[PDB]
Amino acid sequence: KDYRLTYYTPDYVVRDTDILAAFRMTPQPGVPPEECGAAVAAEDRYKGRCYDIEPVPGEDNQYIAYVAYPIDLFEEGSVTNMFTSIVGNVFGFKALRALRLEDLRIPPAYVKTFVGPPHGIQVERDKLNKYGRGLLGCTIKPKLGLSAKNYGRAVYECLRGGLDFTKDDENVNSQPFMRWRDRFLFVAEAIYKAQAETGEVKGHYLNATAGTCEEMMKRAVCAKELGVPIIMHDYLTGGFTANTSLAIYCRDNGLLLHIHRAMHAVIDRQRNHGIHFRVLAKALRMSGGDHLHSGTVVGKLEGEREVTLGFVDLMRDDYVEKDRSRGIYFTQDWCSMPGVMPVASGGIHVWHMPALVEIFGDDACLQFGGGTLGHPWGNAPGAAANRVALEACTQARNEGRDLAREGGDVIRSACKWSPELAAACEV
Amino acid sequence: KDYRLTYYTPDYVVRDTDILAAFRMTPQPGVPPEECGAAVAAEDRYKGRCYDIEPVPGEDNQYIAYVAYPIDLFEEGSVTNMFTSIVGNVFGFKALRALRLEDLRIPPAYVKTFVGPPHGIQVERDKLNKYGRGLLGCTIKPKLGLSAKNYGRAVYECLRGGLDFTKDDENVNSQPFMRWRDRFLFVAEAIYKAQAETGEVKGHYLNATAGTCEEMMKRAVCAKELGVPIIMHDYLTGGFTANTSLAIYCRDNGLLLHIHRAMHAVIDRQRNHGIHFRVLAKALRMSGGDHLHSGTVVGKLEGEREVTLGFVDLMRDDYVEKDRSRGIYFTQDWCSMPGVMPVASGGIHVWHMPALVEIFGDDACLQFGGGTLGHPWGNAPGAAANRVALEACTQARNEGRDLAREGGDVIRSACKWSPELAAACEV
Amino acid sequence: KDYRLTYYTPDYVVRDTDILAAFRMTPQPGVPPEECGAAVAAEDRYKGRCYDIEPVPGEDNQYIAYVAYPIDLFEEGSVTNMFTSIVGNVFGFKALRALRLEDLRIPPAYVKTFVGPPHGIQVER
Amino acid sequence: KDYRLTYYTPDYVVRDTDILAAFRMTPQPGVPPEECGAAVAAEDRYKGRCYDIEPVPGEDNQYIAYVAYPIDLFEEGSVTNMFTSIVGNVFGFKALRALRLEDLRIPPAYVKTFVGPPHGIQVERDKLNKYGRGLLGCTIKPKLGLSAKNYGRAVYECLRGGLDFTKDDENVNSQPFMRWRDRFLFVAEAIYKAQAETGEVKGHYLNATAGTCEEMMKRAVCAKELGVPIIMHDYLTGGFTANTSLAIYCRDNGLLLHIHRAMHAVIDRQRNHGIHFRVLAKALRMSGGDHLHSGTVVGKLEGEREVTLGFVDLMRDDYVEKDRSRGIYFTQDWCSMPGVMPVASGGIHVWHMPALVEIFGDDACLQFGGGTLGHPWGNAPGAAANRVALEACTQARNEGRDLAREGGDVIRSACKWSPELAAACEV
Amino acid sequence: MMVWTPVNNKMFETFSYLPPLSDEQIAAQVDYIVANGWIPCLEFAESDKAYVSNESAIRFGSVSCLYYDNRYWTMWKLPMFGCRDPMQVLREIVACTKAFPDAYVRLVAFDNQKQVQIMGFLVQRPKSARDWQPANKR
Amino acid sequence: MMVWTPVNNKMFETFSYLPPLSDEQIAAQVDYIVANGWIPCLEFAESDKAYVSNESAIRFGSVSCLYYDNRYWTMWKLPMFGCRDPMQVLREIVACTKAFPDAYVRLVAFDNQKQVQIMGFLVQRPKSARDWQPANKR
């Protein structure tokens, strides 16, 4: 609700403490772009002001409104306050038909007010003593219905064969068939047993997402006292206040925090309207989390591939240049806030592994929920078949081979000496 | 991801403990409605099964998939688990183009596992000793930039003239210009002073939305110890875990819990895709809250008026019949869970008051953020002008007059003997 | 203790997140001002670098060394860490005879990490 | 501000409970020494009285004012109150041009009110089971920029080769590149590993200096629960209230307390003005600390050597006679308060080791921050080369050899049978 | 249908599910370490300090999360600063196992600008150890 | 460039980084113990009670800071009160290792006026122990 004079300031020079926002903005037919753009800014020292409006090429009725916000509008250390100020009221506004917040700029004077991710990519990798390759994961296949004993038996055989992590389903919290505390012991019995056998560090993301903040801290105290490495949290359904609380507890006691993204496609799927995932991934980093589901890249065109490589750089890097081709609309200095490791849901089989090593490199977790479970020999040969294929593709990268072309000839060179991969090569 | 045989069971009879869901479902061109509908259900004792698919009249490519869920899929007392199971993964599914969850059915075996709203409509009304009329409210007009002293001075003059509640802006949390604890004292000095003058109970919704669960409980301890009646919480930006934690604290210490709905139009605005507000309003009731912004009804057509009357009955009533005209797709027994008072943003002026009394009746709060502030005499005559117009329209209802027709002649009969309303009648 | 090449960078442009310090700096007789000024900075991503040296008018042997510090050297919210990094070791250094830290610049990315005064002038009043 | 009659009492006899102070006092030109000396005392049962004024030989305008203070001016157990009474206001006084407090006398009725150092020299030496030689130390060479993993790897190889302690840099607290709690684990993994290999007790001074008293106790709880032996504290930048709090916690839980002296040369360097280190070292002992950086003695004339031997006797001994040649201006009975072990920063090479054994004897820690790191073979041969040279010089002392003369012939007798020292003999 | 074996099947994290690296394959990895500005370095451990253990947690309170033992191995000499030739690294593998015939050896790498450990992979197993299966582990 | 060895290289705190003391060098230290009023005394431990361990901390809460085991060794006879002759101490080293051929021996000293232990240094290693390297430990 602007009068277009005070909230549309194109002659304005943005500050280095300003929060900048980039809205994809569809007006009603007959509303001017400048009046609609100043209304997104309106929602004198505290006004948000639209400072630039660009047409979108190919879309006859879409625009990019750039809105600057003074840093005094915000609470130190609060993603709840940052989302409530920027997207709290504007999407119900009637003069626009659809609105998408595309990117934010978080200025380094406000990045520094947050605690952030408890460890980050570099510290987690030091603590798990796993270097030079991607981490590997597996969701336990039947999401619900197991006993707690039979859950850890599925957790034991997967970590045994070579994987680095196993994963609770995000709707595995505490149900009548498997309560949460019976699960945390059979998981910790299965982690400490698969660890002592392989000699490698093992983990399972124990779901500490809970009904209240007090249940949630009670699960997390339990993982502290078993000494297990990592818990997970649904943060768009638990919320940012519960997430930031858990992420500070995880820093204060050395637990790692996997972050799952349940309910993300309610918010980020549609192109004309919502909040795109790169905003929700910047906000997770500011709130904190050590891992974050970034999605699949296999089975997709190379227009969503460049966008997916854009929000993975916002998660991992320290300084991300402006790049409109990857969907990055601002420049993001992260001011030595630690990186978040992206978790990429790998395909059904092992032949997507040369695609994922070339796209992601080393700093990524890779998950095969039906890759380890669907092996004809079981969980421990299936977990070896991924681990053999992962390390074979990693070696062909360091030797210099192009995994976009020679990636089939590297898997087939490892079907020879390894029977476990060959049984998965046969499917 | 269904094979359409196991997850599409049209011969199935639903249970009285089943969670039922109704999805508005747009397929990709070429995908059958039954295969797309069973895939929403698929995401044997734990499977969700699509049991009915209806075409949508007027939409050539939309359908209503009804999915039943067994009660064992869910945690007792957890809205986080209920949303993570139902809308946690399905919206990113590729065979449908858009998906909207329209309604849920919460069965009475799962309504009873929740604590719910701390007081409800009937207990709050007893405690504030306000009967037989709607409650009145006002947001303090400048959202940011006041001092804390000048905030309560705006809070003092509004509650003085006749209003029952004043309101923090939802992005007023704790900022460099007005910290939260300096605000809670000048509010409590302004509530206790406007109370002693009028002899009526007064309140201000002190925003306890915070960055962490520990900040949030620290604000709420502060309102407990000042003895002020009511706090507020942004629950779609603070999350359901923080909300349910606060709502249990509010029950355990007799505070009331206003609930604001920042970020609702990211989720509920678009018709083909998202989660409609009536699901988010059922879920607020299960989580808990004493008041909830239900929106405006004035300035709207009578197709959104019947929908708005539908989710207000889900908030207030105990037993809501199935009614497709009001958007109610199931029958909801609330099993003596207390009602939530809807907060309705009234118009700019006092002439929308005969509309709001006829639409809402008594069990509603009505807010005039620019109705009290925009009076030419100030805040205390402006707060009287609403309070005079509210009680005049209430009296004309009890005397039997039709406020849809004679509502202008009732305001004009009160412009005569009251100078404060006449100065607002003149604008 | 500088080799004067790495810690005396006059071509350097300071950052908006840099902590800047201004030292009034008296050398020993025979020590150059640039070598003495880079030694205050020395005490590559974490080095403090003297970026400007000015004579003091009227004082024949005093100088103003301007030293920049990267913001990563410091703890969020800690005046103990800020003083321990800047004045923790330099005053015992032997090639200068006397040293006064005159001013600091606290950048707004590090002002925001502190809680600060509980009320301030406007709230107390 | 004295009238010179009441505050200059040369006929006064001091008490055995009096706090005595000795000020080096430079007047303005024209102010008498007695009037300037009584003004330092003035700042009847509570007055401090200047009782003796001596000229300084060689300085034409300096004097030694001796001021006595009644014991009732002071809080039991408080170094904050003791400094605030004695040096809290006098240095801004206008009739003197410069002022240095040189020594204090703490009377045994006020020494006994303090808790003091947690263990002392005799108990620490029993607990570490290291006898008959000086302790050895090393700062990890790059102060900032390591990871936490690569920090302990530098900590592991140094303690492995023969050293007794490694040391955090005093500005290593908690920074974005190495948070404090990630550091405390890789240190404790490196201490317990270098301990199990050598069979000797090992430690690292983990910097518990922090931003608030609550952060500081949170680091110290962490060292309690890892069971690591020793933490360190910057006490002139953390302050005496934080130090005395930590020193009581260290007594109550058996941790040792290394004390670093950041910011000491702001206060103690200039001769005409400040507080000399022997006052600040008496005050550290009363506050508490088990080790204290006393400085270098190598590379200095033998007028600062006799002064350095004076404040080391104030740290270690029980009863220190008056000795004007060593700068000791009073007699100090320490009344069985435990000693503080001085930490002496050794030179760049191993040839200063016969100097340090003769100056300090056994009760000293010796640190080689660039002696172990600068060895051409690494950290573990460099740590052996000091440990071989330390024990060789210690043996030549017990055999009776003069290390002031024959100390080069003792190092060269150990370059023969030890290759590690010979590689450092060659540099 | 086979069974992955649980008995004497210890592994090291990178390149252990592969058959043992030849001297040409170790030289191919050091070429990757030198092609960017990384610094190769060798480590070693005996049979009892090689893989992970819990034994120092007898001294702990509840601070045991992500603490392990035997994640540090002893460095062999110093990191090869300014290393351009991969055969200079490969001479040190023979030189290390001559000094320690009962020791595992891993080649780690460190980044110069990031100051962190980059890649770490086992390049030698002892013959006297029965902790590992010779690539036919079913 | 050499590597300090991690394998079987246990040390005792004083004079262990030196080659083993001769009987003239042990007599030179006892002359230093007798030149002031100190009281020499011998101790001994087996191979399992010689160096430091954590094993009693299985019984603890979080009171483990600066607790170790095997810091006490068993005293051999009694402290030599009024000891003027260093050969009387040196006869007891031969007499102790005859009774205990599998035992380390250290000579400790105690102060009389301060009533505390002053110096303590290993004077004998067993031959049957493979815990130490014979001074060529690289």
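Rules and cut-offs
- Residues numbered from 1 in each chain as written, not as in the entry; some residues may be left out.
- Chains lettered and ligands numbered in written order.
- Part of a larger assembly, values for the part shown.
- Heavy atoms only, no water.
- Residues with missing side-chain atoms left out of burial classes, pairs and counts.
- Helix = DSSP H or I, 4+ residues; strand = E, 2+ residues; numbered from the N terminus.
- Disulfide = S-S within 2.5 Å.
- Buried < 20%, exposed > 50% of the residue type's maximum accessible area, 1.4 Å probe, protein only.
- Domains from an automatic or database assignment.
- Buried area = accessible area lost by both parts, 1.4 Å probe.
- Salt bridge = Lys/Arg side-chain N within 4 Å of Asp/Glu carboxyl O.
- Nonpolar A, V, L, I, M, F, W, Y, C, P; charged D, E, K, R; others polar.
- Contact = heavy atoms within 4.5 Å.
- Polar contact = N/O pair within 3.5 Å; in protein donor to acceptor, adjacent residues only side chain to side chain.
- UniProt positions renumbered as here; feature names shortened; annotations may be inferred.
- Least-squares fit on C-alpha atoms.

Could you clarify how one ought to interpret the overall build of chain C in this entry?
When its secondary structure is counted, chain C shows 4 helices and 4 strands. The N-to-C order of helical and strand elements in chain C reads β-α-β-β-α-β-α-α. Over its C-alpha atoms, taken along the principal directions, chain C stretches across nearly 55 × 35 × 25 Å.

What exactly am I supposed to notice about the state of the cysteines here?
By definition, a disulfide links two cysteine residues through a covalent bond between their sulfur atoms. This structure, assessed with the given rule, holds 4 disulfides over all chains. A disulfide bridge connects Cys213 of chain A with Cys213 of chain B, and the sulfur atoms are separated by 2.1 Å. With the S-S dihedral at roughly -65°, the linkage between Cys213 of chain A and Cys213 of chain B falls on the left-handed side. Remark: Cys213 of chain B occurs in helix α7 (residues 213-226) and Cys213 of chain A occurs in helix α7 (residues 213-226); the pair is interchain, linking two chains. Taking the relative accessible area as the measure of exposure, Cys213 of chain A reaches 5% and is therefore buried. A sulfur-sulfur distance of 2.0 Å marks the disulfide that ties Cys415 of chain D to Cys425 of chain D.

Quick question: what am I supposed to make of the domain arrangement of chain A here?
In many analyses, interface size is given as the accessible surface area lost on bringing the parts together. Residues and elements named next belong to chain A. Partitioning chain A into domains gives domain 1 (5-114) and domain 2 (115-427). A separation of 33 Å is found between the C-alpha centroids of domain 1 and domain 2. Across the interface of domain 1 and domain 2, roughly 2,700 Å² is buried in total on both sides, 60% from carbon and sulfur atoms. When the buried area of domain 1 at its contact with domain 2 is split by residue, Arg100, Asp103 and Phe114 rank highest and sum to 24% of it. Linking domain 1 with domain 2 are 4 salt bridges, by the criterion used here. Between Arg271 and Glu59 there is a salt bridge, with its nearest N and O atoms 3.7 Å apart. Those elements that provide at least two residues to the side of domain 1 that touches domain 2 are β1 (19-27), β2 (49-55), β3 (63-69), α2 (79-86), β4 (96-105) and α3 (108-111). The dominant element in the side of domain 1 that touches domain 2, judged by the number of residues it contributes, is β4, at 8 residues. Its residues placed into classes, the side of domain 1 that touches domain 2 shows 21 nonpolar, 3 polar and 8 charged.

Help me understand the interface of chain C and chain A, please; the structure alone is not making it clear to me.
Between chain C and chain A, the contact holds 10 residues from the first and 10 residues from the second. Buried surface at the junction of chain C and chain A, both sides included, amounts to about 820 Å², of which 52% is carbon and sulfur. Considering only the surface of chain C that becomes buried against chain A, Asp72, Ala109 and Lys112 of chain C emerge as the three largest contributors, covering 52% of it. The tally of links from chain C across to chain A stands at 2 salt bridges. In this structure, the salt-bridge partner of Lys112 of chain A is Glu76 of chain C, at a minimum N-O distance of 3.2 Å. Taken together, the connections running from chain C to chain A amount to 3 residue pairs in polar contact. The class makeup of the residues in the side of chain C that touches chain A is 3 nonpolar, 2 polar and 5 charged.

I tried to follow the arrangement of the chains on my own but got confused; where do I start?
Taken together, the 10 pairs of chains in contact show their highest number of contacts between chains A and B. In this view chain B stays clear of chain E, with the nearest C-alpha atoms of the two still 23 Å from each other. There is a clear gap between chain C and chain F: no contact, and 27 Å between their nearest C-alpha atoms.

Please clarify how the UniProt feature "binding site: Mg(2+)" (unreviewed entry) in chain A should be interpreted in this entry.
Residues and elements named next belong to chain A. Residues given the UniProt feature "binding site: Mg(2+)" (unreviewed entry) here are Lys167, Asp169 and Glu170. Structurally, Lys167 can be placed in strand β6 (residues 165-167). Contact partners of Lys167, with chain neighbours within four places excluded, come to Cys138, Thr139, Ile140, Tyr151, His204, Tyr205, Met232, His258, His260, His293 and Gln367. Turning to its location among the elements, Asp169 is positioned in the loop between β6 and α6 (180-198).

I tried to follow unusual backbone geometry on my own but got confused; where do I start?
Working note: non-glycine residues mostly have negative phi, and peptide bonds are mostly trans. One non-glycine residue, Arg4 of chain B, lies in positive phi territory at about 75°. By the element assignment, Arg4 of chain B lies in the segment before β1 (19-27). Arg4 of chain B gets classed as partly exposed once you look at its relative accessible area, which sits at 35%. Its identity as a non-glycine residue notwithstanding, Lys77 of chain F has a phi of 55°, on the positive side. Relative to the helices and strands, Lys77 of chain F is located in the loop between β2 (74-76) and α2 (86-99). What makes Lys77 of chain F exposed here is its relative accessible area of 59%.

Just to check I follow, could you spell out the relation of the copies chain A and chain B for this structure?
The transform that puts chain A on chain B rotates by 180° and translates by 0.0 Å along the axis, for an RMSD of 0.0 Å. The transformation relating the two chain copies, once decomposed into turn and shift, fits a two-fold axis. Within chain A, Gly239 of chain A has its C-alpha nearest the rotation axis, a separation of 1.8 Å. With an isologous cut-off of 70% or more, the 98% of interface residues of chain A that recur at the interface of chain B puts this contact in the isologous class.

Honestly, the interface of chain A and chain B in this entry has me stumped. Any pointers?
Each side of the interface is counted separately: chain A has 65 residues, and chain B has 64 residues. Summed over both sides, the interface of chain A with chain B buries roughly 5,100 Å², with 52% coming from carbon and sulfur. Considering only the side of chain A, the residues that lose the most area to chain B are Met263, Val266 and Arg269 of chain A, jointly responsible for 12% of the buried surface there. The residue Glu75 of chain B makes a salt bridge to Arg219 of chain A at a minimum N-O spacing of 3.3 Å. At the boundary of chain A with chain B, the tally comes to 31 residue pairs in polar contact. Elements with a contribution of two residues or more to the side of chain A that touches chain B: α2, β4, α7, α8 (235-238), α9 (240-253), α10 (264-268) and β10 (274-275) of chain A. The leading source of residues in the side of chain A that touches chain B is α9 of chain A, at 6 residues. For the side of chain A that touches chain B, the class distribution of residues is 23 nonpolar, 29 polar and 13 charged.

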